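Peer 1: There's a structure below that I have some questions on.
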Amino acid sequence: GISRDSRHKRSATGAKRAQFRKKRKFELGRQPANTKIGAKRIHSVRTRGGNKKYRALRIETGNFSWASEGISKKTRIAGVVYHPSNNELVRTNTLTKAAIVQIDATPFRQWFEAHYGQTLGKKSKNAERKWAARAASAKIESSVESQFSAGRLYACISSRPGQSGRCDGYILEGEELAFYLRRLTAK
Amino acid sequence: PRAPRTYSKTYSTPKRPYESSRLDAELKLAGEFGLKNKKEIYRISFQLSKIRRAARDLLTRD
Amino acid sequence: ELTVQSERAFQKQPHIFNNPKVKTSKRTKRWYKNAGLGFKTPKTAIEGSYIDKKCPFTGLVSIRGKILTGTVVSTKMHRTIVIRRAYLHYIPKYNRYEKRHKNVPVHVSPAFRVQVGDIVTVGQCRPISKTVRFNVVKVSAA
Amino acid sequence: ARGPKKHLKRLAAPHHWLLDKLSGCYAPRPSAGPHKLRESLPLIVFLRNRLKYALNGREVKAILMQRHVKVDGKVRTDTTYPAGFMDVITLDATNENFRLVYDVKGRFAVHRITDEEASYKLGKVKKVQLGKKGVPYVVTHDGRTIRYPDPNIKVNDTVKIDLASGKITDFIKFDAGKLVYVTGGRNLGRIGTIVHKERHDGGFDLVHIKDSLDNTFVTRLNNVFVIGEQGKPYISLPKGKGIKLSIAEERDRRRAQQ
RNA sequence: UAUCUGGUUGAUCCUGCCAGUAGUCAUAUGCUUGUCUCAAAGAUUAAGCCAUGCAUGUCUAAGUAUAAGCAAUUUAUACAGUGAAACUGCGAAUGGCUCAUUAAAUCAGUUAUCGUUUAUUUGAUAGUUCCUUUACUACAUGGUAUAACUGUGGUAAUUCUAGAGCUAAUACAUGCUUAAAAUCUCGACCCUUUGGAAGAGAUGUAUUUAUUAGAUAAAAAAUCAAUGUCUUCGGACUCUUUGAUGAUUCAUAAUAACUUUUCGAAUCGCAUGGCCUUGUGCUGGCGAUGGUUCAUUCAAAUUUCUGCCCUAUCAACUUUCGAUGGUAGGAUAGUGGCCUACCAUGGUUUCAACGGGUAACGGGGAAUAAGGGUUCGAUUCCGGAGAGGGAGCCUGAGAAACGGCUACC
RNA sequence: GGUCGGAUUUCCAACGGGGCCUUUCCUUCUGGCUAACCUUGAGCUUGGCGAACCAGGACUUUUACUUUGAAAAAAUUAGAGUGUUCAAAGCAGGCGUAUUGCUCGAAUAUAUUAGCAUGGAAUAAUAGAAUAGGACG
RNA sequence: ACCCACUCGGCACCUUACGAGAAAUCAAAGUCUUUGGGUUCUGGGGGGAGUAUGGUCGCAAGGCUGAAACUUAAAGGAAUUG
RNA sequence: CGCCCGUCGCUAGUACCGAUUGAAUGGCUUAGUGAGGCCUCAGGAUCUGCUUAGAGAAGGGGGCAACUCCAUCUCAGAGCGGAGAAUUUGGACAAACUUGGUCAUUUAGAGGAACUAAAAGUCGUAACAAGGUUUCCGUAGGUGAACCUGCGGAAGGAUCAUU
């Protein structure tokens with residue numbers, strides 16, 4: 001099986017180590033997950049000590065946080081558009097960590113309307129008072145406004161689905177948002 | 001696996017074997033004290049030598 | 001050292017959420033930590049725009065265990081160097097010693113500016129790489 | 001070797017049990033428990049080689065199974081349970097209560113005591129932490145884990161316990177000038193009345209310690225064991241009280257008690 | 001117990017070696033051998049091949065028993081005694097054998113896990129499980145085999161197995177049943193606008209993500225975005241609370257969601273105890289079993305400094321296709337070139353790298369001695385490796401298992 | 001000898017140790033201890049300069065060396081005691097009023113280098129402020 | 001250019017033998033069993049053998065490095081008398 | 001009449017060179033084939049829960065007469081699903097084999113050239129005295145053999161000596 005040690009590697013001087021042990025179970029590795037989109041499939045594997053490990057596959061939907069609002073909603077995923085590690089993962093649309101994807105943006109939109117009563121893109125006394133108090137925060141910024149206009153919003157995957165069965169992440173904002181859209185636009 | 005029983009002798013052979021003086025003296029001793037074995041004689045001399053080494057390396061000390 | 005976000009990824013300190021909505025003083029935030037044992041987190045690390053997560057101060061890499069001192073001899077690597085531990089192994093039979101050296105490599109932050117000959121002490125941290133275990137905490141030259 | 005050990009030879013078993021290098025080439029392995037392997041006394045070696053109340057492990061299992069015995073207020077019907085440091089054992093037969101403490105000769109003594117001196121014990125705090133749901137707790141040197149103690153109770157302190165519950169009768173903090181007991185090193189069994197200490201921040205907090213003959217020494221702060229305050233011990237102490245007289249002084253002692 | 005002797009010469013002094021001499025838990029052999037006690041023993045050559053037979057199975061009071069097994073319940077109509085076989089649960093990863101491998105590798109001392117798993121024991125630990133949450137649902141408790149067995153049997157042979165009929169569970173798949181408050185939302189409604197509002201859903205545990213708190217060198221001043229506490233609405237403003245750590249994004253707590261859904265006892269033996277609202281009502285003990293989390297203990301894996309025999313008739317070595325580092329990601333139980341994508345081109349070297357050899361596993365130790373030392377150390381204890389050579393993997397907490405499977409030789 | 005060959009005093013002296021001054025700061029700021037308190041109340045009173053306890057801010061140029069300690073698994077080795085009938089061994093044994101029973105033991109030493117702390121500062125090197133980016137300021 | 005005296009550095013010399021060494025002999029071949037100022041290079045009985053091989057240099061002749069098997073009790077140094 | 005050198009000749013041994021594209025053994029290994037498991041794309045025998053599903057027509061309840069209500073053995077047919085082996089794509093792991101290369105460890109061998117040893121072998125007599133041409137060192141040549149000769153060097157020389 002896939003080893004995880006350096007008794008099969010070279011020393012630092014340039015010296016082939018000798019053959020010392022047989023491969024183990026506590027120095028092993030396993031194949032990547034290569035998590036994809038559509039028709040959620042999660043095979044599980046038994047690990048060292050029970051200690052289950054949800055090998056993600058074909059994951060269609062995931063969770064995404066907006067930290068300026070402190071909220072965290074469930075959403076589908078349009079597809080990945082950029083990965084620093086490999087344009088191949090970008091092309092083949094394989095979800096991993098640090099992964100730049102597009103999501104529906106509709107739950108965030110409708111929540112914004114329900115919470116502030118302030119439009120995006122383009123009543124009762126209690127809710128009116130609520131929105132009047134929650135005002136001065138419907139001014140997020142131009143790029144997110146455009147992305148809510150488009151209905152496809154840029155998020156970063158921060159989970160490890162092949163280890164967790166969970167595509168979780170957060171919407172991009174401001175600095176890294178500008179950095180990554182610049183990377184996309186680089187032509 | 002059973003820890004092995006210690007064994008250690010109680011004698012020591014002569015350094016140099018054939019010295020007529022040594023042999024006749026220890027023969028006198030054997031023939032007066034009724035002994036059979038230079039083994040026994042060496043054994044007693046070895047005990048004496050052990051205690052004498054102790055005496056030396058003790059009176060060396062303050 | 002022209003650009004902190006030189007690489008394709010977005011290098012930063014994790015979890016340090018600089019809220020773009022509030023516009024407060026010190027536009028960007030920075031975590032840090034006193035390493036302990038009488039060490040100092042330098043002001044270049046405090047004011048630094050850099051990231052270098054493998055640093056003990058701004059990063060998340062606890063120093064703990066053995067400590068060593070040596071002189072730097074290499075600088076040709078990226079946030080990593082090699083030192084020389086000149087010491088003397090004793091021989092009881094001949095009752096006298098012999099020079100030996102072991103060139104351990106260490107990790108270095110942007111918090112230090114190191115030229116060759118700068119004597120330096122480090123701290124045992126976790127395995128930074130195949131070759132490395134230690135990280136520099138004080139320099140002793142100019 | 002591919003998994004946990006199960007056996008134990010003699011001569012890997014510790015010294016202070018005084019197990020003999022003859023009599024079969026295998027030894028009683030202390031099964032896991034609230035105490036370590038080495039600073040622990042199995043009940044088999046206890047009953048079979050301290051009292052001679054039995055001769056063979058078969059007899060000892062008969063005893064443990066008929067339940068004349070009980071540790072921590074519980075029967076503890078295992079032949080190789082770790083009777084560790086300070087611990088209490090109560091025997092209906094003879095209405096005895098033996099306590100497990102050390103002697104200066106580096107051995108687990110046999111301290112005959114009464115039922116109330118059994119009904120309380122001592123325990124060194126090993127650490128303190130905050131459990132889930134905001135329940136502060138601590139854990140002792142005998143695997144006992146206890147909740148909602150005084151915040152004044154901090155690390156290296158010692159507690160005196162009810163033995164019907166794991167709750168506290170009282171506690172004693174660590175500071176300069178308190179009576180202690182030693183566990184580890186050449187000083188196994190000493191009682192030496194803390195005089196001062198030293199930090200060396202980074203490892204090995206050390207303590208300078210001397211018993212009432214002015215005789216001083218130095219020990220590790222995790223090997224010491226604080227038993228209360230200077231003068232009064234919270235328990236009764238064995239022959240010697242941790243003194244370590246000379247070979248010749250002890251020779252003269254026994255020659256007076258010929 | 002810091003010891004010498006014979007031998008080159010016709011003789012002498014010397015160098016210089018030889019032989020002699022003493023010992024060995026160092027072996028073999030020879031010749032001989034009456035006794036007591038202790039005891040090594042197919043390592044050296046072949047880690048060469050192996051017939052035959054054993055070497056790990058296992059139950060209580062207490063998981064499942066109608067053995068068409070055996071005693072007798074007669075205190076028991078369901079058994080309730082014992083009890084093969086079988087299901088189940090544990091363990092079979094320890095022991096034991098050998099030393100082939102292996103020369104910075106194991107190992108020995110010495111550090112760390114602020115970088116991780118951990119059955120088992122031991123100490124603590126699951127009011128929150130009705131999910132259109134009102135009929136959607138037994139909780140004095142729910143569903144399913146299936147074995148054993150009955151018999152049909154099939155191969156020359158196998159711890160070979162099919163076919164048909166039963167039946168059990170701590171085996172499987174499921175499953176409700178106990179407080180109180182407290183914030184959010186809504187939000188009926190009043191409408192007020194200083195703005196007041198009934199009523200409704202949530203909150204246990206666990207996983208994953210994002211966010212906040214998790215602290216605290218020193219004292220006054222100017223206001224307000226709007227006075228905020230209560231008002232003399234002149235403003236008095238205090239009150240404030242946070243543990244450990246050498247040091248943490250630590251322990252730990254809360255907001256918002258995620259979960260294909262984790263745990264929250266349908267188990268078992270004894271003893272039968274108390275209230276009367278006189279109901280098989282309600283409550284009750286000593287236990288065993290298992291069970292989420294944390295800690296502990298026996299472990300385990302990685303890890304810091306130092307240290308290894310002979311060789312230069314081995315001086316350049318490493319990097320194609322990982323060698324040195326870095327970023328991102330994957331995998332791992334976990335860090336990390338462990339692996340990949342991309343990138344800089346570095347890294348070790350006469351202070352002997354690298355390569356070769358080793359009748360080399362290492363150490364604790366053994367013989368031997370004035371000291372210094374030399375030699376040996378497979379070999380009873382410690383750590384490693386292996387099961388005919390290699391590779392792989394299932395089960396499991398734990399194996400790369402070999403008295404377990406798959407293949408090749 | 002004040003004990004009948006034990007132990008004490010002024011002890012003259014030596015021996016090594018701690019401290020002050022001799023141009024000899026041999027880190028100081030915050031603190032509480034304010035300490036040693038100049039603080040004195042009549043002969044035992046009310047108030048001195050922070051390490052002597054401690055938390056820190058602080059300069060802490062580098063080593064080798066050397067001392068002490070913790071620690072270094074047992075067995076082994078040396079070695080205490082011990083009548084396995086002696087002995088090799090082993091760690092047992094011994095004593096009773098032998099009915100209740102009593103009772104010392106299973107020491108101690110060694111443990112290389114390397115690693116931690118550690119008093120020292122001789123010895124050996126070791127940078128220091130010179131077309132002063134020099135310290136006190 | 002000579003003489004005298006002195007001086008530093010050189011090639012060496014005469015005598016002693018305190019000292020050394022196995023002896024011849026030696027102003028170092030001394031200040032070494034009362035064993036240590038600093039450093040380099042080489043030898044470990046005689047032969048085999050400065051052979052064989054492998055590298056390496058040279059046109060070559062040959063050189064530098066350079067073993068083993070096997071054999072043997074002596075070879076050898078300095079002096080004495082014959 | 002001492003000691004002694006070498007060739008040649010006999011006997012025995014040890015190692016070396018050596019054609020033999022020598023032979024074996026083991027290790028590392030390019031390339032190629034590449035099993036076998038494991039993961040992933042599908043697969044779908046098979047079993048199986050739910051939802052209806054209409055009727056061949058029994059039973060009883062009701063217009064008691066056609067007719068009507070529901071259960072019923074029945075069988076399609078339909079979806080809603082659960083598990084699902086054989087087989088299967090691709091991937092990493094990668095035994096073994098073939099072939100070369102390479103590294104070391106032993107080994108056969110016609111013959112050739114050496115060395116050593118061995119009571120009395122032949123040829124001479126090079127060496128030790130000025131050894132009968134003083135010896136030796138290096139180099140070159142010569143010849144049956146020791147060995148000779150030339151060029152330079154030394155004294156271990158047969159001289160420490162010519163004012």
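Each chain of the structure tokens is named A, B, ... in the order shown, its residues numbered from 1; ligands are numbered from 1 in display order.
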From a DSSP pass on the backbone, collect the residues of range 60-152 of chain D flagged as helix (DSSP H, G or I) and hand them back as an MDAnalysis selection string.

Peer 2: chainID D and resid 60:66 93:95 115:119 132:134

Peer 1: Select all residues from chain D having any atom no more than 9 Å from an atom of chain E (counting only C-alpha atoms (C1' of nucleotides), ignoring ligands), output as a PyMOL selection string.

Peer 2: chain D and resi 1-7+9-12+30-37+128-134+136+138-147+151+166+201-203

Peer 1: Determine, counting only C-alpha atoms (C1' of nucleotides), which protein, DNA and RNA residues have an atom within 10 Å of an atom of range 171-180 of chain D; residues of the same chain fewer than 2 positions away are not included. Present the result as a PyMOL selection string.

Peer 2: chain D and resi 122-124+149-150+152-161+168-169+182-183+190-197+207-211+224-234

Peer 1: Using only C-alpha atoms, find which residues of chain C lie within 12 Å of chain D and jot them down as a list in words.

Peer 2: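 My answer is residues 35, 36, 37, 38, 63, 64, 65, 66, 67 and 123 of chain C.
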
Peer 1: Neighbouring residues of residue 39 in chain B were defined as those with any atom within 9 Å, considering only C-alpha atoms (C1' of nucleotides); residues of the same chain fewer than 4 positions away were excluded. Please report them as a ChimeraX atom specification.

Peer 2: /B:11-13,43-44

Peer 1: How about saving the chosen residues, C-alpha atoms kept, as a short mmCIF file (atom, residue, chain, number, x, y, z; two decimals), in the first residue's frame?

Peer 2:
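again_15.cif, freshly written:
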```cif
data_model
loop_
_atom_site.label_atom_id
_atom_site.label_comp_id
_atom_site.auth_asym_id
_atom_site.auth_seq_id
_atom_site.Cartn_x
_atom_site.Cartn_y
_atom_site.Cartn_z
CA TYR B 11 40.21 -21.12 43.85
CA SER B 12 42.91 -19.97 41.46
CA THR B 13 45.74 -21.98 39.97
CA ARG B 43 41.38 -22.43 47.31
CA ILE B 44 42.41 -21.28 50.75
#
```

Peer 1: Between G:47, G:37, G:54, G:24, which is the closest to residue 77 in chain G once you count only C-alpha atoms (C1' of nucleotides)?

Peer 2: G:24

Peer 1: Excluding residue 68 in chain G and its own-chain neighbours fewer than 4 positions away, which residues fall within 12 Å of it when counting only C-alpha atoms (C1' of nucleotides)? Please give them as a count of residues only.

Peer 2: 8

Peer 1: Take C1' of residue 146 in chain H and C1' of residue 17 in chain H and report the distance between them in Å, one decimal.

Peer 2: 27.8 Å

Peer 1: Should the cut-off be 10 Å, what would the residue list for chain H against chain A look like, counting only C-alpha atoms (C1' of nucleotides), as a list in words?

Peer 2: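 Applying the cut-off to the listed atoms yields residues 38, 39, 40, 91, 92, 93 and 94 of chain H.
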
Peer 1: Could you list, as a PyMOL selection string, the residues of chain E having an atom within 8 Å of chain A when counting only C-alpha atoms (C1' of nucleotides)?

Peer 2: chain E and resi 101-102+105+117-118+186-187+208-211+255-258+260+301+317-318+323+328-333+338+341-342+347-348+353-354+385+392+397+400

Peer 1: Which neighbours of residue 46 in chain H fall inside 12 Å, counting only C-alpha atoms (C1' of nucleotides), when residues of the same chain fewer than 3 positions from it are skipped, and could you give them as a list in words?

Peer 2: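 Residues meeting the cut-off are residues 83, 84, 85 and 86 of chain H.
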
Peer 1: Could you write those residues out with N, CA, C and O atoms (P, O5', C5', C4', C3', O3' and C1' of nucleotides), as a PDB file, in the first residue's frame?

Peer 2:
```pdb
ATOM      1  P     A H  83     -29.161   1.278  -0.089  1.00  0.00           P
ATOM      2  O5'   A H  83     -28.714  -0.247  -0.026  1.00  0.00           O
ATOM      3  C5'   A H  83     -28.457  -0.860   1.224  1.00  0.00           C
ATOM      4  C4'   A H  83     -28.502  -2.361   1.142  1.00  0.00           C
ATOM      5  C3'   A H  83     -27.553  -3.018   0.156  1.00  0.00           C
ATOM      6  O3'   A H  83     -26.228  -3.129   0.642  1.00  0.00           O
ATOM      7  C1'   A H  83     -29.692  -3.990  -0.037  1.00  0.00           C
ATOM      8  P     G H  84     -24.994  -3.215  -0.384  1.00  0.00           P
ATOM      9  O5'   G H  84     -25.434  -4.318  -1.445  1.00  0.00           O
ATOM     10  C5'   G H  84     -25.345  -5.702  -1.140  1.00  0.00           C
ATOM     11  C4'   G H  84     -25.822  -6.558  -2.287  1.00  0.00           C
ATOM     12  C3'   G H  84     -25.075  -6.378  -3.597  1.00  0.00           C
ATOM     13  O3'   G H  84     -23.874  -7.124  -3.638  1.00  0.00           O
ATOM     14  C1'   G H  84     -27.385  -6.291  -4.013  1.00  0.00           C
ATOM     15  P     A H  85     -22.461  -6.381  -3.792  1.00  0.00           P
ATOM     16  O5'   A H  85     -21.479  -7.535  -4.275  1.00  0.00           O
ATOM     17  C5'   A H  85     -21.175  -8.619  -3.416  1.00  0.00           C
ATOM     18  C4'   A H  85     -21.430  -9.949  -4.081  1.00  0.00           C
ATOM     19  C3'   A H  85     -20.731 -10.184  -5.410  1.00  0.00           C
ATOM     20  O3'   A H  85     -19.372 -10.556  -5.284  1.00  0.00           O
ATOM     21  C1'   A H  85     -22.989 -10.782  -5.621  1.00  0.00           C
ATOM     22  P     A H  86     -18.317 -10.099  -6.406  1.00  0.00           P
ATOM     23  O5'   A H  86     -18.804 -10.857  -7.712  1.00  0.00           O
ATOM     24  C5'   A H  86     -18.795 -12.271  -7.749  1.00  0.00           C
ATOM     25  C4'   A H  86     -19.279 -12.800  -9.071  1.00  0.00           C
ATOM     26  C3'   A H  86     -18.530 -12.308 -10.294  1.00  0.00           C
ATOM     27  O3'   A H  86     -17.339 -13.034 -10.529  1.00  0.00           O
ATOM     28  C1'   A H  86     -20.851 -12.124 -10.664  1.00  0.00           C
TER      29        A H  86
END
```

Peer 1: Counting only C-alpha atoms (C1' of nucleotides), a student should be able to say which residues of chain E come within 8 Å of chain B; what is the right answer, written as a ChimeraX atom specification?

Peer 2: /E:1,21-22,38-39,380
